[PDB]
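So this one's entry-v1.txt, compact mmCIF, C-alpha atoms and all ligand atoms:
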```
# COMPACT_ATOMS: atom_id res chain seq x y z
CA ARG A 45 -28.72 -10.09 -9.65
CA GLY A 46 -25.29 -9.54 -11.19
CA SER A 47 -25.88 -8.66 -14.80
CA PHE A 48 -22.29 -8.09 -16.01
CA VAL A 49 -20.73 -11.53 -15.56
CA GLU A 50 -18.30 -11.05 -18.48
CA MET A 51 -16.60 -8.18 -16.58
CA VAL A 52 -16.86 -9.41 -13.02
CA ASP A 53 -13.44 -10.41 -11.61
CA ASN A 54 -11.48 -8.85 -14.50
CA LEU A 55 -8.93 -7.02 -12.25
CA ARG A 56 -5.75 -8.21 -10.62
CA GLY A 57 -3.25 -6.47 -8.37
CA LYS A 58 -3.16 -4.87 -4.87
CA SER A 59 -3.10 -1.44 -3.29
CA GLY A 60 0.68 -1.24 -3.03
CA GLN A 61 1.34 -2.03 -6.70
CA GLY A 62 -1.86 -0.99 -8.48
CA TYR A 63 -4.92 -2.75 -9.95
CA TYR A 64 -4.82 -3.60 -13.62
CA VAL A 65 -7.03 -4.91 -16.41
CA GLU A 66 -6.07 -6.85 -19.56
CA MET A 67 -6.26 -4.85 -22.81
CA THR A 68 -5.18 -5.34 -26.39
CA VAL A 69 -3.69 -2.76 -28.76
CA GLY A 70 -3.07 -2.98 -32.52
CA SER A 71 -3.66 -5.44 -35.37
CA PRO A 72 -3.09 -8.27 -34.77
CA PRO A 73 -3.94 -7.58 -31.10
CA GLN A 74 -1.04 -7.17 -28.65
CA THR A 75 -2.03 -8.08 -25.08
CA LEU A 76 -0.89 -5.75 -22.26
CA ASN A 77 -1.82 -5.42 -18.60
CA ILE A 78 -2.94 -1.88 -17.84
CA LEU A 79 -3.22 0.05 -14.55
CA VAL A 80 -6.76 1.33 -13.91
CA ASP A 81 -6.17 5.03 -13.01
CA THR A 82 -9.11 7.33 -12.25
CA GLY A 83 -6.61 10.09 -11.39
CA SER A 84 -5.20 10.77 -14.87
CA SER A 85 -6.48 11.00 -18.41
CA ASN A 86 -3.92 9.42 -20.84
CA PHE A 87 -3.82 5.91 -22.15
CA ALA A 88 -0.08 5.32 -22.06
CA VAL A 89 1.79 2.09 -22.67
CA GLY A 90 5.41 0.87 -22.57
CA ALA A 91 6.54 0.92 -26.21
CA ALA A 92 10.25 0.15 -25.85
CA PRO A 93 12.33 -2.37 -23.82
CA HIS A 94 12.69 -1.69 -20.09
CA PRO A 95 14.20 -3.91 -17.37
CA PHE A 96 10.84 -4.04 -15.55
CA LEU A 97 8.68 -4.68 -18.64
CA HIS A 98 7.99 -8.29 -19.70
CA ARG A 99 6.40 -6.94 -22.88
CA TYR A 100 5.57 -3.70 -24.68
CA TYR A 101 3.64 -2.22 -27.59
CA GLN A 102 5.44 -2.74 -30.90
CA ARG A 103 3.92 -0.15 -33.24
CA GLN A 104 5.80 -1.48 -36.31
CA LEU A 105 3.89 -4.79 -35.92
CA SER A 106 0.44 -3.15 -35.95
CA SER A 107 -1.15 -2.58 -39.36
CA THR A 108 -3.62 -0.16 -37.81
CA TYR A 109 -1.04 2.03 -36.09
CA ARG A 110 -1.32 5.77 -36.92
CA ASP A 111 1.46 8.19 -36.01
CA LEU A 112 0.30 11.58 -34.69
CA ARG A 113 3.91 12.96 -35.01
CA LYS A 114 3.80 14.63 -31.61
CA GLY A 115 5.60 13.99 -28.30
CA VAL A 116 4.19 13.94 -24.77
CA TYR A 117 6.13 14.52 -21.57
CA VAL A 118 4.68 13.76 -18.14
CA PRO A 119 6.79 14.73 -15.12
CA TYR A 120 5.61 13.99 -11.57
CA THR A 121 7.38 14.26 -8.17
CA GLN A 122 8.66 10.65 -8.22
CA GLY A 123 10.01 10.84 -11.79
CA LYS A 124 8.69 11.00 -15.36
CA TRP A 125 7.73 9.34 -18.61
CA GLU A 126 8.10 10.58 -22.14
CA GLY A 127 6.44 9.23 -25.23
CA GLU A 128 5.16 9.52 -28.74
CA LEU A 129 1.49 10.00 -29.60
CA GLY A 130 -0.49 7.89 -32.09
CA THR A 131 -3.78 6.02 -32.45
CA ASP A 132 -4.67 2.34 -32.82
CA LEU A 133 -7.44 -0.19 -32.32
CA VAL A 134 -7.97 -1.01 -28.65
CA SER A 135 -10.05 -3.68 -26.92
CA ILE A 136 -10.72 -4.89 -23.38
CA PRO A 137 -11.08 -8.72 -23.62
CA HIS A 138 -12.97 -9.03 -20.36
CA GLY A 139 -14.99 -5.94 -21.15
CA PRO A 140 -17.57 -4.79 -23.62
CA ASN A 141 -17.44 -6.73 -26.86
CA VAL A 142 -16.30 -3.72 -28.86
CA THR A 143 -13.10 -2.37 -30.42
CA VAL A 144 -12.38 1.32 -30.63
CA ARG A 145 -9.84 3.62 -32.19
CA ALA A 146 -8.13 5.44 -29.33
CA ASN A 147 -5.21 7.69 -28.57
CA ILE A 148 -2.09 5.88 -27.27
CA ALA A 149 1.00 7.47 -25.75
CA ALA A 150 3.81 5.09 -26.69
CA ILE A 151 6.21 5.38 -23.78
CA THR A 152 9.80 5.47 -25.05
CA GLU A 153 11.61 6.88 -22.03
CA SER A 154 10.81 6.70 -18.32
CA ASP A 155 12.23 7.24 -14.85
CA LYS A 156 10.75 5.46 -11.82
CA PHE A 157 7.43 4.83 -13.59
CA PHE A 158 7.44 1.09 -14.24
CA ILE A 159 7.65 -0.97 -11.07
CA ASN A 160 9.55 -4.23 -10.75
CA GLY A 161 6.95 -6.98 -10.35
CA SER A 162 3.74 -4.89 -10.73
CA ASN A 163 2.74 -6.97 -13.77
CA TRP A 164 1.39 -3.91 -15.62
CA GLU A 165 2.86 -2.37 -18.75
CA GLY A 166 0.78 0.78 -19.15
CA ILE A 167 -1.86 3.03 -17.59
CA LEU A 168 -5.52 3.67 -18.47
CA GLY A 169 -6.23 7.23 -17.37
CA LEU A 170 -10.00 7.30 -16.85
CA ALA A 171 -10.48 10.97 -15.84
CA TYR A 172 -11.46 13.86 -18.11
CA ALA A 173 -9.81 15.64 -21.05
CA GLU A 174 -9.02 18.82 -19.03
CA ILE A 175 -6.08 17.02 -17.43
CA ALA A 176 -4.91 15.03 -20.47
CA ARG A 177 -1.36 15.64 -21.69
CA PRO A 178 -0.12 17.49 -23.62
CA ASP A 179 -3.50 19.25 -23.65
CA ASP A 180 -7.26 18.76 -23.61
CA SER A 181 -7.44 18.10 -27.34
CA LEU A 182 -6.12 14.54 -26.78
CA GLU A 183 -9.40 12.64 -26.33
CA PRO A 184 -9.16 10.17 -23.40
CA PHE A 185 -9.92 6.50 -23.92
CA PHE A 186 -13.31 6.41 -22.18
CA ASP A 187 -14.53 9.39 -24.21
CA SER A 188 -13.55 7.53 -27.41
CA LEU A 189 -15.28 4.38 -26.19
CA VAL A 190 -18.55 6.20 -25.49
CA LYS A 191 -18.45 8.20 -28.77
CA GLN A 192 -17.74 5.20 -30.98
CA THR A 193 -20.01 2.56 -29.40
CA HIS A 194 -23.29 2.16 -27.54
CA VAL A 195 -21.52 1.61 -24.20
CA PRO A 196 -23.26 3.78 -21.57
CA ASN A 197 -21.26 6.69 -20.17
CA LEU A 198 -20.56 5.06 -16.78
CA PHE A 199 -18.11 2.63 -15.27
CA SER A 200 -17.78 1.14 -11.81
CA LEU A 201 -14.85 -0.21 -9.79
CA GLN A 202 -14.64 -2.85 -7.08
CA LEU A 203 -11.03 -3.01 -5.86
CA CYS A 204 -10.53 -6.07 -3.65
CA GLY A 205 -7.76 -6.00 -1.05
CA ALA A 206 -6.89 -9.45 0.35
CA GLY A 207 -6.39 -8.31 3.93
CA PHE A 208 -3.05 -10.09 3.99
CA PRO A 209 0.14 -10.19 1.92
CA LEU A 210 0.10 -11.89 -1.49
CA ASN A 211 3.36 -13.24 -2.88
CA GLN A 212 4.33 -12.93 -6.57
CA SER A 213 2.55 -16.19 -7.49
CA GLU A 214 -0.52 -15.47 -5.38
CA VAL A 215 -1.13 -12.01 -6.75
CA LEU A 216 -1.02 -13.43 -10.29
CA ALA A 217 -3.51 -16.13 -9.37
CA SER A 218 -5.86 -14.03 -7.23
CA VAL A 219 -8.92 -12.03 -8.33
CA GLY A 220 -8.25 -8.37 -7.50
CA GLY A 221 -11.70 -6.95 -8.28
CA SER A 222 -13.90 -5.79 -11.13
CA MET A 223 -14.09 -2.95 -13.57
CA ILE A 224 -17.63 -2.89 -14.97
CA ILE A 225 -17.63 -0.88 -18.15
CA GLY A 226 -21.01 0.66 -18.95
CA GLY A 227 -22.90 -0.42 -15.88
CA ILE A 228 -23.42 -1.32 -12.21
CA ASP A 229 -23.31 -4.98 -11.14
CA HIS A 230 -25.48 -5.52 -8.07
CA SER A 231 -23.46 -8.58 -6.94
CA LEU A 232 -20.46 -6.41 -6.04
CA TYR A 233 -22.04 -4.45 -3.17
CA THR A 234 -24.31 -4.63 -0.16
CA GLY A 235 -26.84 -2.09 1.08
CA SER A 236 -27.65 1.05 -0.87
CA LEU A 237 -25.69 3.22 -3.28
CA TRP A 238 -25.29 6.83 -2.17
CA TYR A 239 -24.19 9.50 -4.67
CA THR A 240 -22.03 12.57 -4.34
CA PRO A 241 -21.80 15.15 -7.18
CA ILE A 242 -18.77 15.38 -9.41
CA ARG A 243 -17.91 19.00 -8.59
CA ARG A 244 -16.07 19.62 -11.87
CA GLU A 245 -15.13 17.26 -14.72
CA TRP A 246 -11.32 17.20 -14.66
CA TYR A 247 -10.30 14.86 -11.89
CA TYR A 248 -13.16 13.00 -10.32
CA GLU A 249 -13.50 15.86 -7.84
CA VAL A 250 -15.83 15.63 -4.84
CA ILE A 251 -16.60 17.65 -1.68
CA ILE A 252 -16.01 16.27 1.85
CA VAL A 253 -18.19 18.15 4.38
CA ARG A 254 -17.26 16.51 7.73
CA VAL A 255 -14.68 14.05 9.07
CA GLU A 256 -15.03 11.87 12.19
CA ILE A 257 -12.56 9.62 13.97
CA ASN A 258 -14.55 7.04 15.98
CA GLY A 259 -17.59 9.34 15.83
CA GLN A 260 -15.57 12.35 17.12
CA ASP A 261 -15.77 15.36 14.82
CA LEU A 262 -12.33 16.47 13.63
CA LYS A 263 -13.96 19.94 13.80
CA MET A 264 -12.00 21.67 11.07
CA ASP A 265 -13.48 24.27 8.72
CA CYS A 266 -14.69 21.94 5.96
CA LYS A 267 -12.76 23.96 3.34
CA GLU A 268 -9.63 22.45 4.86
CA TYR A 269 -10.78 18.95 3.87
CA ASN A 270 -10.93 19.95 0.19
CA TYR A 271 -7.87 22.20 0.01
CA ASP A 272 -7.13 22.53 -2.78
CA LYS A 273 -9.37 19.73 -4.11
CA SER A 274 -10.57 16.26 -3.11
CA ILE A 275 -10.41 13.48 -5.69
CA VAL A 276 -11.14 9.78 -6.05
CA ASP A 277 -7.99 8.19 -7.44
CA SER A 278 -7.45 4.46 -8.05
CA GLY A 279 -3.84 5.25 -9.19
CA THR A 280 -2.72 6.35 -5.70
CA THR A 281 -2.20 3.80 -2.93
CA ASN A 282 -3.01 5.86 0.21
CA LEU A 283 -5.65 8.03 1.64
CA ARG A 284 -3.82 11.34 1.27
CA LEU A 285 -4.84 14.37 3.30
CA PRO A 286 -3.92 18.08 3.16
CA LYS A 287 -1.08 18.87 5.63
CA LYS A 288 -3.25 20.40 8.38
CA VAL A 289 -5.95 17.73 8.05
CA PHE A 290 -3.29 15.02 8.14
CA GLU A 291 -1.83 16.53 11.31
CA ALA A 292 -5.29 16.70 12.97
CA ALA A 293 -6.31 13.20 11.86
CA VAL A 294 -3.03 11.62 13.00
CA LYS A 295 -3.30 13.31 16.41
CA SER A 296 -6.85 11.92 16.77
CA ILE A 297 -5.96 8.44 15.47
CA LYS A 298 -2.97 8.32 17.90
CA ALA A 299 -5.27 9.36 20.76
CA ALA A 300 -7.88 6.67 19.88
CA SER A 301 -5.19 3.99 19.65
CA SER A 302 -3.13 5.21 22.61
CA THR A 303 -3.18 1.87 24.49
CA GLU A 304 -0.30 0.96 22.15
CA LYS A 305 2.53 3.34 21.18
CA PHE A 306 3.83 3.25 17.62
CA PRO A 307 7.07 4.81 16.39
CA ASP A 308 7.11 8.05 14.42
CA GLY A 309 8.22 6.10 11.29
CA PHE A 310 4.98 4.17 11.44
CA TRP A 311 2.81 7.29 11.39
CA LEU A 312 5.00 8.69 8.58
CA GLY A 313 3.97 5.67 6.53
CA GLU A 314 7.57 4.49 6.16
CA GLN A 315 7.96 1.77 8.75
CA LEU A 316 5.94 -1.41 9.16
CA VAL A 317 4.43 -2.60 12.43
CA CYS A 318 3.94 -6.31 13.17
CA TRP A 319 1.96 -8.44 15.57
CA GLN A 320 2.10 -12.13 16.38
CA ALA A 321 0.07 -14.17 13.83
CA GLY A 322 -3.64 -13.46 14.15
CA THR A 323 -3.31 -10.96 17.02
CA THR A 324 -3.59 -7.64 15.14
CA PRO A 325 -5.51 -5.43 17.61
CA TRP A 326 -8.00 -4.03 15.12
CA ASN A 327 -10.29 -2.92 17.93
CA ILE A 328 -7.80 -0.36 19.30
CA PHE A 329 -7.76 1.55 16.01
CA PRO A 330 -10.67 3.91 15.21
CA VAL A 331 -13.06 3.94 12.28
CA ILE A 332 -12.79 6.98 9.97
CA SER A 333 -15.91 8.57 8.51
CA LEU A 334 -15.85 10.95 5.57
CA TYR A 335 -19.11 12.80 4.98
CA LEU A 336 -19.73 13.66 1.33
CA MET A 337 -22.08 16.22 -0.20
CA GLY A 338 -25.33 14.56 -1.20
CA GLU A 339 -27.41 15.01 -4.37
CA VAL A 340 -30.28 16.62 -2.43
CA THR A 341 -30.02 20.19 -1.15
CA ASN A 342 -28.67 20.30 2.42
CA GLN A 343 -28.19 16.55 2.57
CA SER A 344 -24.98 14.56 3.10
CA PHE A 345 -24.09 10.91 3.63
CA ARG A 346 -21.06 9.19 5.10
CA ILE A 347 -18.62 6.44 4.17
CA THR A 348 -16.94 4.68 7.08
CA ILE A 349 -13.66 2.90 6.78
CA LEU A 350 -12.00 0.44 9.11
CA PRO A 351 -8.35 0.03 10.08
CA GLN A 352 -8.53 -3.07 7.82
CA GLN A 353 -8.64 -0.50 4.99
CA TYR A 354 -6.15 2.10 6.24
CA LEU A 355 -3.54 -0.37 7.49
CA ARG A 356 -1.98 -1.92 4.39
CA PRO A 357 -0.77 -5.54 4.79
CA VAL A 358 2.92 -6.02 3.95
CA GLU A 359 5.21 -9.00 4.37
CA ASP A 360 7.81 -8.81 7.14
CA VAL A 361 11.26 -7.22 6.53
CA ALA A 362 12.69 -10.53 7.80
CA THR A 363 11.46 -14.14 8.08
CA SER A 364 8.41 -14.43 10.37
CA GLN A 365 4.76 -15.52 10.57
CA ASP A 366 3.86 -12.10 12.01
CA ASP A 367 1.00 -10.03 10.55
CA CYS A 368 2.51 -6.71 9.50
CA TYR A 369 1.17 -3.45 8.06
CA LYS A 370 2.04 0.02 6.95
CA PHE A 371 -0.04 3.09 7.85
CA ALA A 372 -1.71 3.99 4.52
CA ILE A 373 -2.71 7.57 5.32
CA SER A 374 -0.19 10.20 4.29
CA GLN A 375 0.25 13.93 3.84
CA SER A 376 -0.51 15.75 0.58
CA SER A 377 0.16 19.25 -0.79
CA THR A 378 -2.32 18.77 -3.69
CA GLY A 379 -5.51 18.06 -1.76
CA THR A 380 -7.33 14.99 -0.45
CA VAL A 381 -6.80 11.79 -2.46
CA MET A 382 -9.18 8.91 -1.86
CA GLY A 383 -6.73 6.24 -3.05
CA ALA A 384 -6.91 2.48 -3.49
CA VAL A 385 -6.94 1.64 0.25
CA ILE A 386 -10.19 3.66 0.64
CA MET A 387 -11.60 2.36 -2.59
CA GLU A 388 -11.04 -1.20 -1.30
CA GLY A 389 -13.84 -0.63 1.22
CA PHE A 390 -16.43 0.30 -1.42
CA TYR A 391 -18.03 -0.36 -4.78
CA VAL A 392 -17.49 2.99 -6.53
CA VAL A 393 -19.72 4.05 -9.44
CA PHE A 394 -18.30 6.65 -11.79
CA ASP A 395 -21.58 7.89 -13.21
CA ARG A 396 -20.25 10.28 -15.83
CA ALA A 397 -23.69 10.50 -17.51
CA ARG A 398 -25.18 11.99 -14.33
CA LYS A 399 -22.06 13.80 -13.10
CA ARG A 400 -21.97 11.86 -9.81
CA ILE A 401 -19.95 9.26 -7.90
CA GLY A 402 -21.81 6.43 -6.08
CA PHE A 403 -20.50 4.56 -3.02
CA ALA A 404 -21.78 1.33 -1.52
CA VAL A 405 -20.20 -1.14 0.89
CA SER A 406 -18.05 -3.57 -1.14
CA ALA A 407 -18.86 -7.27 -1.21
CA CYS A 408 -15.08 -7.82 -0.94
CA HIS A 409 -14.11 -5.35 1.83
CA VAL A 410 -11.96 -6.75 4.64
CA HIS A 411 -13.53 -6.52 8.13
CA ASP A 412 -13.89 -8.40 11.42
CA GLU A 413 -16.80 -9.97 13.35
CA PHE A 414 -17.43 -6.72 15.22
CA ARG A 415 -17.33 -3.86 12.68
CA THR A 416 -17.90 -3.45 8.94
CA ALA A 417 -17.36 -0.60 6.53
CA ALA A 418 -20.54 1.48 6.04
CA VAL A 419 -22.29 3.89 3.70
CA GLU A 420 -25.09 5.69 5.56
CA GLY A 421 -27.38 8.67 5.26
CA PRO A 422 -28.98 11.06 5.09
CA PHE A 423 -27.69 13.82 7.36
CA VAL A 424 -28.89 17.39 7.33
CA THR A 425 -25.82 19.48 6.45
CA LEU A 426 -25.91 23.23 5.76
CA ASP A 427 -23.74 25.43 3.48
CA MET A 428 -21.90 22.52 1.85
CA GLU A 429 -20.84 24.54 -1.22
CA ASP A 430 -18.73 26.61 1.19
CA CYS A 431 -16.68 23.43 1.73
CA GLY A 432 -15.37 23.67 -1.85
CA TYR A 433 -12.09 25.52 -2.40
CA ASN A 434 -11.73 28.24 -5.05
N1 LIG Y 501 -3.33 9.02 -10.29
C1 LIG Y 501 -2.00 9.13 -10.65
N2 LIG Y 501 -1.61 8.71 -11.82
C2 LIG Y 501 -0.21 8.73 -12.27
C3 LIG Y 501 -0.08 7.40 -12.99
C4 LIG Y 501 -0.17 6.23 -12.04
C5 LIG Y 501 0.93 6.28 -11.01
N3 LIG Y 501 0.64 5.25 -10.03
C6 LIG Y 501 1.46 4.17 -9.84
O1 LIG Y 501 2.45 3.87 -10.50
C7 LIG Y 501 1.01 3.29 -8.73
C8 LIG Y 501 1.93 2.51 -8.06
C9 LIG Y 501 1.56 1.68 -7.02
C10 LIG Y 501 0.24 1.62 -6.65
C11 LIG Y 501 -0.69 2.40 -7.33
CL1 LIG Y 501 -2.34 2.29 -6.83
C12 LIG Y 501 -0.32 3.23 -8.36
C13 LIG Y 501 1.05 7.64 -10.32
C14 LIG Y 501 0.83 8.89 -11.18
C15 LIG Y 501 2.05 9.26 -11.99
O2 LIG Y 501 1.57 9.94 -13.16
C16 LIG Y 501 0.12 9.87 -13.22
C17 LIG Y 501 0.52 10.12 -10.33
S1 LIG Y 501 -1.03 9.95 -9.43
```

Now, as a test, write the supplied structure out as structure tokens.
Amino acid sequence: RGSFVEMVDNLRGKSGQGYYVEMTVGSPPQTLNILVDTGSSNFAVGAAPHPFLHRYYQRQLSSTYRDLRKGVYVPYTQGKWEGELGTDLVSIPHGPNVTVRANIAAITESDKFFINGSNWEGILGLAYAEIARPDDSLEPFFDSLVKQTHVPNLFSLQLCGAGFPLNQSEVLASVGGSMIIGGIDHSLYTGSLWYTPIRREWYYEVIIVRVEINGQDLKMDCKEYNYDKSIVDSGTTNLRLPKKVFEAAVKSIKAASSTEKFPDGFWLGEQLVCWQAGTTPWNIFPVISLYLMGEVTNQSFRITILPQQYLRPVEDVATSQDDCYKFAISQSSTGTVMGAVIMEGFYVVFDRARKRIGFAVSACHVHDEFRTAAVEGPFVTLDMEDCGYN
């Protein structure tokens, strides 16, 4: 049974632009669409006009606005946002029937943060205080929610990729998945949930202990897979891999798919590839299995993803009925990132109460008649703590 009907189907969006949930801030409530981001820890919202914002938080119109008189500045490689800290009353309409007082970073300045046509106006950083800006004293939203209400200390995400391009109108009309706040809805997955420990509460950090490409062991020292960390991050599009792991994986994926040659720009994640309508040769691309540390000593399990996850549907550069995709695995210098395209294969349970992440096959994962995504175990795996980087 699915016991959280109120929250089922409360997300919209897609891997390329982000998945978002409706929220309200202030009194009277101001509605905003908010990116669900398990890879950061600030609740931050557009609070001033911007060419790509249809709306923003107007603090002067909220009677419950409190000014913390403190700035916050978040630079990343792509750009930056700067804002002003305060608190206000916050609700999630398609969420628990509660209102909480939470920290809000009112974004007043930004560079390449807001995206034309994303339909979101802010970000909900769902990770832990250690990585909150400006410092760990700024309580994240979910911590406030748990402290102030009886909502259990757990949330779960089903991100639903369509398997094909969605135009502006279609993405607004389409269900993009579910964020279940405070529980696990059994309608959103098939088979069993398998849990991996949260290694440390900052990012949602996990430990990968083995990688296979079509059953073939990538055969790297498992420390390489988690160098310098491995995280689950709904606010990143791609599966990102440490440089050396990326190089090994791409070599192996190229070898498995070698009946067709793709240009270097494709493997660099820059250039799309297209096939005649309906003829995408899924079967020539390999499955990718990531083995994760289990909860039991010396036990692991695996999650298996299809090319229908790691090839991201995109519309053609020019007018055609071709089916086109970008390669959604890319290189990282900050560790492995299990981004939205991986998360689309699975129902992911962020069990903060029990310091563990659950994976099950998603009821909305894209597949074909011959292969499905999988979550399978157990496997006997020795010395898994050695796979963690220090
Ligand atoms: N986890 C992350 N959080 C941040 C906030 C979210 C931001 N992501 C996006 O704009 C975005 C765009 C398209 C698709 C998707 Cl899925 C996400 C990237 C960063 C920037 O700052 C924190 C870094 S990485």

Within 9 Å of range 285-293 of chain A, which residues of range 319-425 of chain A come that close, and what is the closest atom pair and distance in Å for each? Count all atoms listed in the file and give it as a tab-separated table.
```
residue	atom	partner	partner_atom	distance
A:373	CA	A:285	CA	7.4
A:374	CA	A:285	CA	6.3
A:375	CA	A:285	CA	5.1
A:376	CA	A:286	CA	4.9
A:377	CA	A:286	CA	5.8
A:378	CA	A:286	CA	7.1
A:379	CA	A:286	CA	5.2
A:380	CA	A:285	CA	4.5
A:381	CA	A:285	CA	6.6
A:382	CA	A:285	CA	8.7
```

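The interatomic distance for the pair CA of residue 61 in chain A and CA of residue 270 in chain A works out to 26.1 Å.
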
Please determine an axis-aligned box that encloses all atoms of ligand LIG 501 (chain Y) listed in the file, with 6 Å added on each side, and express its centre and edge lengths in Å to one decimal as lines of an AutoDock Vina configuration file.
```
center_x = -0.4
center_y = 5.9
center_z = -9.9
size_x = 17.8
size_y = 20.5
size_z = 18.6
```

(request) Would you mind listing the residues within 6 Å of ligand LIG 501 (chain Y), counting all atoms listed in the file, as JSON, numbers by chain? (result) {"A": [59, 60, 61, 62, 81, 83, 84, 120, 157, 277, 278, 279, 280, 281, 384]}

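Near residue 397 in chain A, within 8 Å and counting all atoms listed in the file, sit residues 196, 197 and 198 of chain A; same-chain residues fewer than 6 positions away were not included.
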
Same residues, C-alpha atoms, saved as a compact mmCIF listing (two decimals), in the coordinates of the input:
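Final file, again.txt:
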```
# COMPACT_ATOMS: atom_id res chain seq x y z
CA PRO A 196 -23.26 3.78 -21.57
CA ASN A 197 -21.26 6.69 -20.17
CA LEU A 198 -20.56 5.06 -16.78
```

For range 244-255 of chain A, where the input has fewer atoms than it should, I would like N, CA, C and O atoms rebuilt and written as a PDB file, in the frame of the given file.
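What follows is the written file part05.pdb:
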```
ATOM      1  N   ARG A 244     -16.528  19.119 -10.575  1.00  0.00           N
ATOM      2  CA  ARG A 244     -16.070  19.620 -11.870  1.00  0.00           C
ATOM      3  C   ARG A 244     -15.447  18.448 -12.607  1.00  0.00           C
ATOM      4  O   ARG A 244     -14.831  17.599 -11.977  1.00  0.00           O
ATOM      5  N   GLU A 245     -15.644  18.389 -13.927  1.00  0.00           N
ATOM      6  CA  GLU A 245     -15.130  17.260 -14.720  1.00  0.00           C
ATOM      7  C   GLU A 245     -13.693  17.505 -15.157  1.00  0.00           C
ATOM      8  O   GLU A 245     -13.438  18.037 -16.241  1.00  0.00           O
ATOM      9  N   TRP A 246     -12.740  17.144 -14.307  1.00  0.00           N
ATOM     10  CA  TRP A 246     -11.320  17.200 -14.660  1.00  0.00           C
ATOM     11  C   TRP A 246     -10.704  15.957 -14.022  1.00  0.00           C
ATOM     12  O   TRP A 246     -10.626  14.915 -14.659  1.00  0.00           O
ATOM     13  N   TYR A 247     -10.324  16.053 -12.756  1.00  0.00           N
ATOM     14  CA  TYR A 247     -10.300  14.860 -11.890  1.00  0.00           C
ATOM     15  C   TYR A 247     -11.700  14.458 -11.549  1.00  0.00           C
ATOM     16  O   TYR A 247     -12.665  15.158 -11.872  1.00  0.00           O
ATOM     17  N   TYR A 248     -11.858  13.305 -10.896  1.00  0.00           N
ATOM     18  CA  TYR A 248     -13.160  13.000 -10.320  1.00  0.00           C
ATOM     19  C   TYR A 248     -13.216  13.718  -8.987  1.00  0.00           C
ATOM     20  O   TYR A 248     -12.911  13.133  -7.958  1.00  0.00           O
ATOM     21  N   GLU A 249     -13.584  14.998  -9.026  1.00  0.00           N
ATOM     22  CA  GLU A 249     -13.500  15.860  -7.840  1.00  0.00           C
ATOM     23  C   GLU A 249     -14.807  15.774  -7.065  1.00  0.00           C
ATOM     24  O   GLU A 249     -15.885  15.842  -7.656  1.00  0.00           O
ATOM     25  N   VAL A 250     -14.689  15.677  -5.733  1.00  0.00           N
ATOM     26  CA  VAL A 250     -15.830  15.630  -4.840  1.00  0.00           C
ATOM     27  C   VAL A 250     -15.611  16.618  -3.692  1.00  0.00           C
ATOM     28  O   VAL A 250     -14.504  17.222  -3.566  1.00  0.00           O
ATOM     29  N   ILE A 251     -16.638  16.748  -2.845  1.00  0.00           N
ATOM     30  CA  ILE A 251     -16.600  17.650  -1.680  1.00  0.00           C
ATOM     31  C   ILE A 251     -16.888  16.876  -0.383  1.00  0.00           C
ATOM     32  O   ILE A 251     -17.979  16.311  -0.215  1.00  0.00           O
ATOM     33  N   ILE A 252     -15.883  16.841   0.498  1.00  0.00           N
ATOM     34  CA  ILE A 252     -16.010  16.270   1.850  1.00  0.00           C
ATOM     35  C   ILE A 252     -16.506  17.378   2.785  1.00  0.00           C
ATOM     36  O   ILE A 252     -15.921  18.459   2.819  1.00  0.00           O
ATOM     37  N   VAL A 253     -17.563  17.098   3.549  1.00  0.00           N
ATOM     38  CA  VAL A 253     -18.190  18.150   4.380  1.00  0.00           C
ATOM     39  C   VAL A 253     -18.004  17.983   5.900  1.00  0.00           C
ATOM     40  O   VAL A 253     -18.311  18.896   6.670  1.00  0.00           O
ATOM     41  N   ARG A 254     -17.482  16.830   6.313  1.00  0.00           N
ATOM     42  CA  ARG A 254     -17.260  16.510   7.730  1.00  0.00           C
ATOM     43  C   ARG A 254     -16.369  15.263   7.792  1.00  0.00           C
ATOM     44  O   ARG A 254     -16.436  14.390   6.925  1.00  0.00           O
ATOM     45  N   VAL A 255     -15.551  15.203   8.832  1.00  0.00           N
ATOM     46  CA  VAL A 255     -14.680  14.050   9.070  1.00  0.00           C
ATOM     47  C   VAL A 255     -14.828  13.668  10.520  1.00  0.00           C
ATOM     48  O   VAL A 255     -14.777  14.545  11.389  1.00  0.00           O
TER      49      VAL A 255
END
```
